[PDB]
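Student: Have a look at this one.
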Amino acid sequence: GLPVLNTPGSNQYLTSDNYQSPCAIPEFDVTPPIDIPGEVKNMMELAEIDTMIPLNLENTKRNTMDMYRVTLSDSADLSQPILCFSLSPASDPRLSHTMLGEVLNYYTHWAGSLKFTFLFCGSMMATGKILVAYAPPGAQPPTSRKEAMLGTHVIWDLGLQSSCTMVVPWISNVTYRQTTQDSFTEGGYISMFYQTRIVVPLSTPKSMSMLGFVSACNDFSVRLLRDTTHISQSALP
Amino acid sequence: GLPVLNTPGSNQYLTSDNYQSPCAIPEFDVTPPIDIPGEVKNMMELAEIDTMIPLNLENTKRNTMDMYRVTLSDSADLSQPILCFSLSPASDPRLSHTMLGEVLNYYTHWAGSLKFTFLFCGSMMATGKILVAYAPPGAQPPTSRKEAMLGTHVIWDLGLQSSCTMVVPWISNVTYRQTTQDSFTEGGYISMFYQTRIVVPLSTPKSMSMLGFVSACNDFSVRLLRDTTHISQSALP
Amino acid sequence: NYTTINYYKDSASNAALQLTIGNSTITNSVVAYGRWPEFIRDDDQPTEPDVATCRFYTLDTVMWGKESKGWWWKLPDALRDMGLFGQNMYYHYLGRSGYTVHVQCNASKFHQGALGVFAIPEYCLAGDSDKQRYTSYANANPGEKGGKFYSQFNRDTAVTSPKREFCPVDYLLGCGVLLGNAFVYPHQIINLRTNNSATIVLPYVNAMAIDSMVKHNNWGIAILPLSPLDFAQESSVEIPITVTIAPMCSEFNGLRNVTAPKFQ
Amino acid sequence: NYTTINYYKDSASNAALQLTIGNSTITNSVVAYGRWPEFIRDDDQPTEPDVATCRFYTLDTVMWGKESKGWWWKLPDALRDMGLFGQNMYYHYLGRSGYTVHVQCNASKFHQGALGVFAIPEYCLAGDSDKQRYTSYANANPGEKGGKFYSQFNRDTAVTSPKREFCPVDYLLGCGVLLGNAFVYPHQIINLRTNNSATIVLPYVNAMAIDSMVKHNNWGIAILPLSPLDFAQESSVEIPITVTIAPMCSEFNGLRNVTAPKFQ
Amino acid sequence: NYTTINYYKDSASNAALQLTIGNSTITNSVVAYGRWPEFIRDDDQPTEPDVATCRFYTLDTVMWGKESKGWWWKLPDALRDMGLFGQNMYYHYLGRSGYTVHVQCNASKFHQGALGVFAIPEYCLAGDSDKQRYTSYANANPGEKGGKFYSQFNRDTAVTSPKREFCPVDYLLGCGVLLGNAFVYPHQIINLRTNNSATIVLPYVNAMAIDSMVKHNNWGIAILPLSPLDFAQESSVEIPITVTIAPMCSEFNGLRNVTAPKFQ
Amino acid sequence: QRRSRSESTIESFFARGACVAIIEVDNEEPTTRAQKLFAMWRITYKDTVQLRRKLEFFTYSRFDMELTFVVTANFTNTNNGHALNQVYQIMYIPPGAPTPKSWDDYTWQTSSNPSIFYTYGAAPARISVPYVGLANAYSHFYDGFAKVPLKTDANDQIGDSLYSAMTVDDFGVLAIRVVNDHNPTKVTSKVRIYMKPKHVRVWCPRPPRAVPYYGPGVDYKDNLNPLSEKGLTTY
Amino acid sequence: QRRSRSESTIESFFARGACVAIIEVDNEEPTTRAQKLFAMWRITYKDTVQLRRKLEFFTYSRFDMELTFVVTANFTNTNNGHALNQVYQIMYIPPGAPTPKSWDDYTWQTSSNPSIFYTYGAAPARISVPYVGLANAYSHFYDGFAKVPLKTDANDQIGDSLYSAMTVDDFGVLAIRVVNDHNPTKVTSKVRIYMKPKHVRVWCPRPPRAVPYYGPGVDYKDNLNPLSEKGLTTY
Ligand SMILES: Cc1cc(CCCOc2c(C)cc(-c3noc(C(F)(F)F)n3)cc2C)on1
Ligand SMILES: Cc1cc(CCCOc2c(C)cc(-c3noc(C(F)(F)F)n3)cc2C)on1
Ligand SMILES: N[C@@H](CCC(=O)N[C@@H](CS)C(=O)NCC(=O)O)C(=O)O
Ligand SMILES: N[C@@H](CCC(=O)N[C@@H](CS)C(=O)NCC(=O)O)C(=O)O
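Residue numbers (the authors' numbering), protein chains in the order written: chain C, 1 to 237; chain C', 1 to 237; chain B, 26 to 41, 83 to 93, 99 to 114, 120 to 340; chain B', 26 to 41, 83 to 93, 99 to 114, 120 to 340; chain B'', 26 to 41, 83 to 93, 99 to 114, 120 to 340; chain A, 66 to 300; chain A', 66 to 300. A prime marks a further copy of an entry chain.
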């Protein structure tokens with residue numbers, strides 16, 4: 001018949017190949033689909049949904065509801081930070097297990113801006129001001145408000161608004177960052193400080209709780225699918 | 001299905017083949033390129049760049065800076081040559097390790113003209129004249145100025161010009177020459193002599209140094225890629 | 026471009083304010104997946125009580141304190157004994173409906189706390205024993221009263237008379253997933269310093285256009301305290317929480333004798 | 026012609083005088104790769125000191141004698157303590173800039189000697205110990221003073237307190253390549269019998285449009301005596317060599333607190 | 026017709083009277104391969125003596141008797157010492173030329189005999205020892221005198237001082253082929269009963285447009301008696317044979333000092 | 066240009082083969098005691114955890130399937146002889162069809178049931194399957210029962226059923242045997258099944274599993290402390 | 066015609082396969098002591114010297130890759146029996162993905178990681194890879210560090226890093242195992258990996274290496290006298 005020559009790679013099975021194969025059930029009448037609410041077209045759509053951050057991962061509070069709450073008080077040390085973490089969406093323990101982190105753990109490269117939200121859950125009679133700062137990498141992590149205010153920052157008034165939003169933009173030397181810990185692709189630092197103190201009147205609670213959320217923006221992308229480390233198996237059923 | 005007949009050569013791996021193979025990472029978003037200075041399109045472009053020649057490969061001067069310098073003096077024997085070598089760009093020890101030679105050692109056949117440059121690094125008060133000669137192969141290598149001046153030659157005045165250039169044209173019986181030593185494809189000889197002597201006034205150094213450079217021209221070509229002998233290995237990491 | 030021709034005949038082989087409903091009135100809302108409830112499309121005559129079943133029914137009030145860990149309900153299970161809606165449920169083999177859920181909780185300016193309300197499709201909960209999928213029908217359909225969450229997993233170590241009950245865990249959402257991601261589902265937050273009520277509109281969601289309302293629950297409602305309740309410097313604080321649910325665009329089919337499940 | 030059709034959807038699968087800058091003035100030049108420095112193209121607001129940073133800074137003078145083997149500097153390391161350029165470097169996370177380098181060396185008509193000046197992108201030097209890539213940050217960033225070449229490899233045989241310093245070799249260019257081929261890089265030759273100065277213009281070269289200026293050096297400058305210095309029949313001769321560098325088209329981004337590296 | 030498409034990009038992969087010249091005059100001719108000598112085509121300035129080298133040179137006369145077995149010469153070797161042609165040969169690295177060969181032999185009507193003249197390109201002869209390709213340059217370039225054939229192979233059984241000489245055999249043509257087929261080459265027959273002279277015109281033949289004239293001989297001339305010489309009833313008969321050769325369209329290139337080979 | 070989301074699509078997210086079954090089959094002399102001359106595997110994606118976790122990101126799905134089979138054989142003893150190349154038979158048994166009781170019963174005639182004959186040493190076997198769901202989409206989660214107990218029922222076992230289960234038998238089973246007779250030396254073999262979804266559509270995104278799976282359901286038993294320790298004010 | 070420079074192009078200069086890795090994998094009975102049942106190789110082109118020297122002619126590069134795998138197996142003893150044809154699994158593990166700790170752990174499910182199954186005796190395996198650089202081009206030379214020590218650092222080890230290195234883990238690793246169980250006789254195998262660049266662009270030409278390589282960096286230890294002796298006035 002037609003002369004042919006077999007090239008390298010014949011009779012191999014690549015799990016990522018895309019070929020045609022015969023159908024074992026010909027002439028099957030498939031059930032037609034219907035319009036079901038909640039259709040998803042892209043995994044990034046899931047990363048754009050805000051989810052709570054387990055900020056407080058202390059020994060006695062981790063793996064518990066209280067790990068989602070950050071304490072605020074009117075007698076706190078105004079010279080010390082409230083919370084601090086690093087901009088590692090997939091490797092930082094406080095961000096790895098979020099929906100964004102779960103999606104990123106299936107990929108190797110990521111890029112884009114991020115959106116952080118903070119919700120204040122005190123009484124209507126409480127007032128105060130907060131400073132939320134982001135610092136690009138390269139220098140010492142901020143330890144005081146004076147160092148933090150030199151980077152990107154936002155001032156939040158609790159009384160007027162119970163929620164605040166801060167957008168961390170994409171600023172990097174490489175076009176894509178790795179989803180694993182690596183100094184060559186570090187992202188920066190996030191810190192919080194008291195601008196003023198929390199003031200409450202009499203017959204009012206002096207301690208309150210704050211919640212945090214994170215999400216991605218429309219300019220976010222991922223690359224090089226890979227398996228995750230959040231699920232394992234030791235025996236087959 | 002479609003009848004087919006397998007021909008000889010099936011299921012073999014030729015390292016120089018050019019076929020299509022499946023991609024293991026489909027739908028990858030490649031990072032776009034940018035305009036970086038210094039792009040190279042052809043290896044010959046590297047062979048057209050002049051580089052110094054280690055002319056002096058004596059026992060006590062080889063593998064040292066002084067191997068790039070040729071001594072000149074006002075009391076030298078005017079009847080003896082200053083330097084002499086053969087037109088073997090890839091096999092001659094004085095030309096093999098140059099950029100031109102390094103590129104040629106990756107190929108089997110070469111053709112084209114060559115450009116030699118000589119730089120004089122004496123004082124402004126020194127004067128003299130030199131004769132630089134090329135002799136095609138076939139006869140005895142020149143040993144005196146009388147024999148050398150019968151071939152191609154150039155007269156160089158140190159005082160007026162501190163640098164000289166000589167073009168060795170392509171003159172051969174075969175269309176291509178081998179990059180290895182072979183009498184059937186020998187190229188010729190290059191020699192230098194004193195036309196006049198070097199004259200200096202009082203309170204001036206009587207000894208000076210000269211440097212040499214070689215490069216290829218726009219009519220240069222190579223053929224039949226092959227591995228080089230300038231790199232080896234004895235153990236795997 | 027690259028050339029491609031499909032050889033096989035099969036596609037698979039191819040390479041790849084006041085809201086008033088009926089006779090009820092309650093004085099921003101959230102629509103799940105941006106889809107309003109609707110009747111079945113053009114693509120046995122169904123029965124449709126336009127107003128005898130599409131109205132607000134109020135459940136039993138619950139109490140929120142400093143140790144409450146959460147509450148959960150299942151729909152349409154919670155409305156099985158509400159007027160003619162339950163009668164239509166138990167007199168027909170197939171049913172369909174959407175819902176409007178309204179959560180009410182009022183306090184003062186000196187209170188503080190936050191509630192999270194989540195609407196979950198196909199809300200499957202975990203058991204309380206080594207045996208798998210051993211929960212009973214009666215325990216899985218509490219009805220109006222509903223159930224509660226727990227802060228830890230209490231295994232039922234009794235082989236003589238197993239309870240066969242759910243054991244939800246608050247921080248695992250009762251299904252083995254972290255609570256922080258529950259916001260993926262349709263949700264509302266009631267913060268006492270800003271608002272006092274929540275509203276959600278749920279369309280009909282299922283793999284089939286219509287299905288039995290007795291052996292399958294389409295929706296689950298979960299309420300959890302994200303921040304603990306507090307009031308001035310008082311040791312004990314309790315406030316009421318109320319839930320009101322309205323069926324919307326309800327259809328029934330398959331009329332026969334009445335069904336009487338054995339609830340204990 | 027031969028027929029070819031690409032089957033796979035992926036491309037990879039397919040078969041294959084006076085110069086004045088700012089407030090500085092110096093009285099032919101060489102442009103590296105024939106590319107003049109330029110700002111980032113159209114494809120966080122950058123900061124750009126037009127004249128507070130784009131001007132000539134003069135380094136410390138060095139002495140050339142009969143035993144000198146060469147000198148080397150790293151950019152932008154050498155300018156880390158020059159006016160506001162260093163402040164912008166240490167107050168920002170990302171930086172970019174090109175350079176203009178001017179080498180000055182004057183003598184008389186009775187002197188003789190030749191200097192080779194080479195500008196090298198990504199100039200990586202070798203260590204002085206069996207351990208690989210063990211050189212320290214402080215030793216790899218000398219600054220204004222720079223470093224020197226050697227005529228032989230002196231191994232640091234001290235495991236108690238390793239020095240962790242470079243050991244460049246003149247005829248190997250400090251990186252394992254023959255010096256004669258260094259002319260592949262942008263270069264200038266200062267021959268005392270013809271000229272007394274050299275000038276090179278370096279654009280920004282890197283795999284990224286912008287990168288940190290603290291942990292990465294984009295350029296290296298190497299000066300080596302191709303011919304030994306001599307003067308009449310004198311035993312000892314020494315003459316000065318001076319280097320002046322001007323930043324050009326410099327941009328910075330990522331403003332935060334200041335960075336303070338520990339240089340010894 | 027059958028269909029065929031070439032896949033690979035490479036072609037190899039694809040499936041498969084008086085004649086006066088210069089200041090000389092001699093009073099039908101044969102042109103080898105029907106190609107007249109010509110200069111190099113359009114596709120270092122060559123030197124071309126138009127008349128100082130393109131003229132007839134006469135070699136030494138030989139004697140033909142009843143026991144002569146043949147003679148052979150090599151060109152351009154035979155003309156190495158002829159006027160300015162040899163000087164141009166030894167003063168240049170590359171040379172090219174064609175030839176006109178004229179063989180003269182006169183007798184009477186009462187004589188009888190036949191000579192065969194053959195012009196052979198790349199005429200390689202066999203040795204006289206067990207060692208292969210061991211013939212020396214001096215013995216392989218006799219010059220004007222030329223060499224002679226033999227009727228048998230005489231091995232040189234002397235390892236102390238090997239002669240390193242050719243041992244041609246008449247009926248093997250000196251190269252291992254039968255003489256009867258030598259007429260494949262350009263040839264002439266001199267039969268004493270019809271004519272007394274032969275003429276051949278040889279163009280330049282080689283794998284290269286131009287080549288060295290010192291280390292390579294382009295042509296060989298062989299003269300053999302096809303029929304023995306006889307005259308009346310005489311025991312001994314001897315007659316002279318003369319050879320005259322004229323270079324034509326000669327070019328030289330690569331001028332340098334003179335070459336002086338060591339001929340013994 | 067600007068960055069694209071080509072590889073984050075559902076089709077790209079599920080465009081890989083994943084193992085779901087490892088099945089052992091032996092060829093040896095039949096004997097009275099139990100043997101593995103033929104194996105029967107119940108079709109499901111819950112045997113493993115990777116593809117299961119990827120699929121459970123959503124509540125409803127609709128897709129076609131591509132199945133690939135890789136067979137590896139080996140000896141057990143070294144003092145019984147050698148064997149010739151073997152042929153493996155893989156038959157699909159839908160619900161209600163008769164099931165084999167021996168390696169050479171009539172059920173292997175496969176008059177209507179599809180079957181694959183594979184020769185050892187050749188390329189791994191491959192086939193494709195369309196969407197065969199009774200409803201309009203597959204249901205990864207089902208909050209309900211298949212029976213409802215009634216007050217008039219004689220006993221409590223009439224209406225008892227497992228929670229979160231639709232059908233006792235779903236998608237049928239696969240029966241694998243070695244067609245060749247038994248050589249004097251025993252030969253063991255393993256068949257690995259790899260599954261790739263194609264033409265995928267999904268609905269109702271769901272948070273992923275955070276604790277180890279325990280059975281086909283959503284039950285959890287051990288390792289309920291996934292998160293680690295970290296400082297509140299520690300970068 | 067006139068001579069052309071077709072074969073001196075960059076594409077022609079890099080249009081050949083070059084070995085970069087030889088990996089040993091054994092099939093035998095598992096035991097307590099160390100074994101080579103599965104191998105893990107870190108991806109890099111610096112293991113060998115030919116392709117490395119060819120690439121180091123330039124400072125920056127940008128290309129796609131073609132990988133080919135050649136497998137050769139042999140016996141070790143002659144008094145244990147024989148073996149059947151084996152199947153090899155090659156899995157690519159990017160940074161951050163879990164790594165195997167045994168030849169039969171869950172990580173081999175390769176639900177998302179690409180994998181190749183190769184049958185011994187067939188044609189050598191082959192795949193292609195696109196440009197996967199984080200930046201706009203690959204950097205063969207990097208003059209800098211990944212960390213900068215600071216005066217406020219508690220100790221000197223906080224900011225210590227290797228010179229001329231970007232990332233601790235780059236491009237991931239390859240894990241190779243034998244899927245088949247162990248025959249009574251041990252079988253050894255070697256996998257040779259050949260790499261061919263395609264669609265090549267380069268920038269900033271650089272002089273070639275003149276002395277033997279010593280480690281991933283530019284360090285040199287021995288044989289610093291490459292040039293030989295010759296006469297100044299000798300042809
Ligand atoms: C959701 C979801 C989807 C599935 C699997 C559905 C497909 O089930 C099969 C399988 C796995 C194989 C065959 C099959 N058809 O033919 C063959 C054989 F030829 F290989 F035997 N196997 C048929 C069906 C319906 O399971 N859960
Ligand atoms: C410069 C430079 C470029 C490189 C290598 C980049 C490519 O790295 C790989 C390799 C070698 C293989 C795979 C790979 N993909 O799939 C497979 C498998 F299927 F064979 F497992 N291997 C993926 C990447 C990114 O290293 N240095
Ligand atoms: N002979 C040594 C060295 C073997 C080896 O790996 N050699 C390397 C170079 S040092 C190599 O590339 N060999 C050629 C090949 O086997 O592909 C051994 O067998 O261990
Ligand atoms: N080592 C155990 C477990 C083997 C096994 O089946 N492991 C499962 C995960 S627990 C697996 O998927 N292994 C990879 C494979 O063999 O494909 C055994 O050999 O019995």
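Even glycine gets a Cβ: it sits at the ideal position worked out from N, Cα and C.
Give the residues of chain B'' in contact with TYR247(B'), contact being defined as C-beta atoms less than 7 Å apart.
Tutor: Residue 247(B') sits at position 171 when you count from the first residue of the fourth sequence. Correct list: empty, because the minimum Cβ distance to chain B'' is about 36 Å.
Student: Suppose only complete runs of 3+ residues qualify. What are the beta strand (DSSP E) ranges in the segment 87-168 of chain C', listed by chain order?
Tutor: Here the runs fully enclosed are 107-111, 114-120, 129-135, 152-157 and 163-168.
Student: Are the segment 4-19 of chain C' and the segment 46-64 of chain C' in contact at 8 Å, needing three or more beta carbon pairs?
Tutor: Contact between the segment 4-19 of chain C' and the segment 46-64 of chain C' is absent, because fewer than three Cβ pairs lie under 8 Å.
Student: Kindly provide the chain-ordered list of residues whose Cβ lies closer than 7 Å to any non-hydrogen atom of ligand 1.
Tutor: Matched residues: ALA24(C), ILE25(C), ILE108(A), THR109(A), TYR110(A), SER126(A), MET130(A), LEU132(A), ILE155(A), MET156(A), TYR157(A), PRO179(A), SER180(A), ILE181(A), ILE192(A), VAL194(A), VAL197(A), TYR203(A), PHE236(A), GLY237(A) and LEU239(A).
Student: If you scan the segment 125-165 of chain A from start to end, which runs of the beta strand (DSSP E) of 3 or more residues do you find wholly inside it?
Tutor: As far as the segment 125-165 of chain A is concerned, its whole beta strand (DSSP E) runs of at least 3 residues are 152-158.
Student: Report the residue ranges of all beta strand (DSSP E) runs contained in full by the segment 164-245 of chain B'; include only those spanning at least 3 residues, in chain order.
Tutor: With a minimum length of 3 residues, the continuous beta strand (DSSP E) runs that stay inside the segment 164-245 of chain B' are 168-180 and 187-197.
Student: Looking only at its chain, what residues have a beta carbon closer than 6 Å to the beta carbon of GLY256(B''), apart from the 5 residues adjacent to it on each side?
Tutor: Residue mapping note: residue 256(B'') aligns to position 180 of the fifth sequence, counting from 1. There are no such residues.
Student: Does ligand 4 have even one heavy atom less than 7 Å from the beta-carbon of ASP170(A')?
Tutor: Taking the seventh sequence and counting its residues from 1, the one referred to as residue 170(A') is at position 105. Yes.
Student: Tell me which residue opens and which closes the beta strand (DSSP E) that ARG223(C) is part of.
Tutor: Stepping through the first sequence from its first residue, residue 223(C) is reached at position 223. From DSSP, the beta strand (DSSP E) with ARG223(C) extends over 221-225.
Student: Pull up the DSSP beta-bridge partners for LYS216(A), would you.
Tutor: To locate residue 216(A), count along the sixth sequence from 1; it is residue 151. Bridge partners of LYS216(A): none, in fact.
Student: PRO337(B): which of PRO277(A), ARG257(A) and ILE223(A) sits nearest, CA to CA?
Tutor: The residue given as residue 337(B) occupies position 261 in the third sequence. It is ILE223(A) whose Cα lies nearest to the Cα of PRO337(B).
Student: CB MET324(B) to CB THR176(B), shorter than 8 Å?
Tutor: Here residue 324(B) refers to the residue found at position 248 when the third sequence is read from its first residue. Here residue 176(B) refers to the residue found at position 100 when the third sequence is read from its first residue. Result yes, Cβ atoms of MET324(B) and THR176(B) sit closer than 8 Å.
Student: Please determine if the segment 286-298 of chain B and the segment 126-138 of chain B are in contact, where contact requires at least 3 C-beta pairs separated by less than 8 Å.
Tutor: Flag = no, the segment 286-298 of chain B and the segment 126-138 of chain B do not touch.
Student: Taking 7 Å as the limit, name every residue whose beta carbon sits nearer than that to some heavy atom of ligand 3, in sequence order.
Tutor: Answer in sequence order: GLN233(C'), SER234(C'), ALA235(C'), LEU236(C'), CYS84(A'), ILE87(A'), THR113(A') and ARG257(A').
Student: Can you pull the chain A' residues whose beta carbon is under 8 Å from the beta carbon of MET44(C'), in chain order?
Tutor: Translated into positions along the second sequence, residue 44(C') becomes position 44. Per Cβ cutoff of 8 Å: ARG70 and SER73.
Student: Do the CB positions of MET260(A) and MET105(A) come within less than 8 Å of each other?
Tutor: Position 195 of the sixth sequence holds residue 260(A). Position 40 of the sixth sequence holds residue 105(A). Not closer than 8 Å, so no.
Student: Can you check which of these residues, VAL30(C), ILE34(C) and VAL70(C), is closest to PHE120(C) by C-alpha distance?
Tutor: The residue labelled residue 120(C) in the question sits at position 120 within the first sequence. It is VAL70(C) whose Cα lies nearest to the Cα of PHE120(C).
Student: When you measure from the CB of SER38(B') to every non-hydrogen atom of ligand 4, does any distance come out below 7 Å?
Tutor: Looking up residue 38(B') in the fourth sequence gives position 13. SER38(B'): no, Cβ never under 7 Å from ligand 4.
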